[PDB]
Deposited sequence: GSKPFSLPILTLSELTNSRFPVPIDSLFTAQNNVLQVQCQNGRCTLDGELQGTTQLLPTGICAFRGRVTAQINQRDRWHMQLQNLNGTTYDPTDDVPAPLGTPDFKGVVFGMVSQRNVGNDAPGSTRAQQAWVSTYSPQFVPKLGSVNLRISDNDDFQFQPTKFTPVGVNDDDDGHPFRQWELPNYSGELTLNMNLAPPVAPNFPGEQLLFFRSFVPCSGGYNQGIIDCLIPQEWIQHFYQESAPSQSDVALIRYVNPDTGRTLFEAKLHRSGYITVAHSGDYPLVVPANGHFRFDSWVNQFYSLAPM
């Protein structure tokens, strides 16, 4: 006697990217080439994995205290807390504090401070900041990241929040690479407690992504960030905790006014989608369209071509 699995009923423009805090723009299927993102990872029965947490406002955000500065470009040393303000434990079974960026590049946004304690408590300030995940001081698993900021003369050793706005390539030839994980513990250390890599395991199938074009801060980068499942699905699965009756859920993309099924896809137990197609392809489908759960199938189910 099992609680029925389901998806939330949401159009693309009603969905949030689970790897960057912006709406989904489109669906995209990619040729097979290793996909192992750590944000936007959740099993169909509601187990969050990787660095995945529940709030869109937490994705690629940091919270903590600035405690030091060094004479490097990555100047300001931020000791991290968990996003809910609780003390971060580096021995926890996670790759990094939940919400940590899961790509190589620079995240730009703003830092804000609000003093506590004896030194002008309640005083505030905010300004533009950058976090490079290429940096040798990007060591969130160990408990800290270093920030670049706009105004070094108006910044204190106080509680600090980083609010992400967009991404970009780093200079000196460090490109934005959305499928390359940072070294969460820095140079010469292996990432651990990772959500596993995902790939199609059936001939003729490709991954399907929920794609966003996020803001960039200069140059011509398209700002592409692809996620496996949107944040609202993760939030839904976490609530429902419906048992998975097989390794594969058949889902269908439906147009609610016509009632027609446009195509079908495989939603795998570990939380990603495959479709039957060959080649890079941006889908062009009706604005009111959405996936619905059809039934439980297995690994040997052959998808109708997309």
Exercise for the section: Just jot down which stretches of the deposited chain sequence have no CA coordinates, in the order they come. Expected result: 34-35
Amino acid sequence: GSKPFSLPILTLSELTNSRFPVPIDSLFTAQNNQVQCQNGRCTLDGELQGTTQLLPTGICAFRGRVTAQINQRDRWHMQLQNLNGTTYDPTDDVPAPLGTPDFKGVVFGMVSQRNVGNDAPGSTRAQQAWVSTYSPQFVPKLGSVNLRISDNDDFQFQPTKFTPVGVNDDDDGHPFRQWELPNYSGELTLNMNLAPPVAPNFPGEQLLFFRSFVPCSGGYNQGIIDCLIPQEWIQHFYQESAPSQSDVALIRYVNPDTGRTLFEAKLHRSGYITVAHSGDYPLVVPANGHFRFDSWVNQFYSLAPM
From here on, numbers count along this sequence of modelled residues.
Practice task
Look over 122-130 and 92-100 in the entry and identify the one with the greater average Cα temperature factor.
Solution key: 92-100
Problem - Higher-scoring stretch by recorded Cα B factor average, 171-179 or 229-237 - result: 171-179
Practice task
By the entry's C-alpha temperature factors, tell me which of 203, 159, 140, 218 sits highest.
Solution key: 203
Practice task
Select one of 245, 43, 53, 36: the residue whose C-alpha shows the highest B-factor in the crystal structure entry.
Solution key: 245
Practice task
Place residue 31 in the lowest, middle or highest third of its chain's C-alpha B-factors, as listed in the PDB entry.
Solution key: highest
Completion exercise
In terms of its chain's C-alpha B-factors, the third that includes residue 194 is the middle
Fill in the blank from the handout: For residue 77, the third of its chain by CA B-factor is the middle
Problem - Record-listed C-alpha B factor of residue 259: chain third - result: highest
Fill in the blank from the handout: Split the chain's modelled residues into thirds by Cα B-factor; residue 63 lands in the lowest
